[PDB]
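Next up: a single chain in structure tokens, the form deposited in one PDB entry.
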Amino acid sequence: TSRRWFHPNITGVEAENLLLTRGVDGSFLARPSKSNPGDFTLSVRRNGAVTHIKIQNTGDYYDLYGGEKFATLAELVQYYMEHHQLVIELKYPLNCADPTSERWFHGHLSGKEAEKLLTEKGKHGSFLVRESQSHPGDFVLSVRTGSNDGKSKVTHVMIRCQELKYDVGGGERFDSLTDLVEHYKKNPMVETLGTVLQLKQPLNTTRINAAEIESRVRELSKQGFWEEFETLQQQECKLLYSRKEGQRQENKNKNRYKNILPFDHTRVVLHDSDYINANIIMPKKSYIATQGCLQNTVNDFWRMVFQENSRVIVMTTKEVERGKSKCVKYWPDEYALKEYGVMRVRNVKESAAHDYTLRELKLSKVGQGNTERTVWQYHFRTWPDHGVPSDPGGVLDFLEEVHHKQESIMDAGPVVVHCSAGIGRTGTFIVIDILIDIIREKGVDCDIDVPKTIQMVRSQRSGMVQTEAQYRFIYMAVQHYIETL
């Protein structure tokens, strides 16, 4: 679908005027808050007037004031538009023409730099659009078709801006670069002598050699970080997979947050009553991304760990933060034995480090003493209440220990990771782990692609990695890991 209802570069005044002049009753857009940076604003028109509704994100979920909690703004907007009541109606998305957040748009990039990138990083059908230095307000579409043999080339197409409309010198005049690019992706320009200018994929400029991380971070820090993140966010509209199972009446009470649900195609199905709010994550270590246990899902959590042959649990929340319950205690006190339905757990021993507690747990099925296995619970305890850690050292040291534990156990199943909703902190830990894993195996001369890896994880559980602050912290963690090798 589209995410054109998000306006990245708009003020609250510009939004009102846009809704009052170019919209009607039931029209809406979403945008950054200017008065609460890191937060967002749903701007709706009702009775010839505009209401601004605050969306908070502190790292766990998108909290809509007077509404529900959501994994993504796209899942939020799909929920309300599919009247699934906010009464205030989201009827008519008001579309953004600003190309800032398209994968293929490179703003004030030179034709020199453009041609280097396309030559080095481009393949057949790689394209980009950039501002023209020559013709202020115009753009250049550059497309590669096919490094020594001249079997490939770069064609440059001038895009004219005339009275707010865009064209390639003839044919249709479009209201936005996006319209122009979508048209010629569907109906490719052909050259006099036969060459088809296939716009097959945006040029990849996010993949870097690992050694260049410090360099890429310095570039992103002068602001490139915000551009790259909001471009990733715009791609979330491709990940609106079904979560039907999590919406069944008998499964509603098993979700910590009603509208933060596992995708059907990657959910953990419990065999031998089949449902848990948990997804398999495959990047080679694999993972289970899940929520903090509720009182009524502790039994299901242990059925999942047993079934999946999980030998390591990563908990990235306290039980209680800012006086709110994030996760029920699902482990026995040290030396104690508990039964959780058909699953029996002994807490064999706890060891405390600064940033974490390790609990050595023995898990078996009641009735069958031969089913016993050790499950190691790494409980990270120093994650801040607001934002992300100032230093990644504690998280990297933690993950290094988790990695060694997992590697030490023959045929260990996926690593269980959870926070509250199991999308923000959980996503952040899992993406750091996957990226470091690559560098650990394939060495400092390997390619990493942070947004590609996040998009791949977000295809398996909604909204994995919640904030720009987490996105920055992932880059910082990968940089620190590279700097100490």
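Each residue number is its position in the shown sequence, starting from 1. Between two forms, the rigid core is defined as the largest C-alpha subset superposing within 1.5 Å.
Although it is not shown, the form deposited in another entry is what the next lines describe.
- Residue showing a CA shift of 2 Å or more between this form and the one not shown (rigid core superposed; candidates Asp138, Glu407, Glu360, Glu400): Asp138.
- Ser33: CA moves 2 Å or more between this form and the one not shown after rigid-core fitting.
- Core-aligned CA deviation for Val190 between this form and the one not shown: 2 Å or greater.
- Once both forms are overlaid on the rigid core, the distance between the two CA positions of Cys161 between this form and the one not shown is 2 angstroms or more.
- In that other deposited form, the Cα atoms of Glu113 and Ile213 sit 3 Å or more farther from each other than they do here.
- Cα-Cα spacing of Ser35 to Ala49 is enlarged in that other deposited form versus the present form (difference of at least 3 Å).
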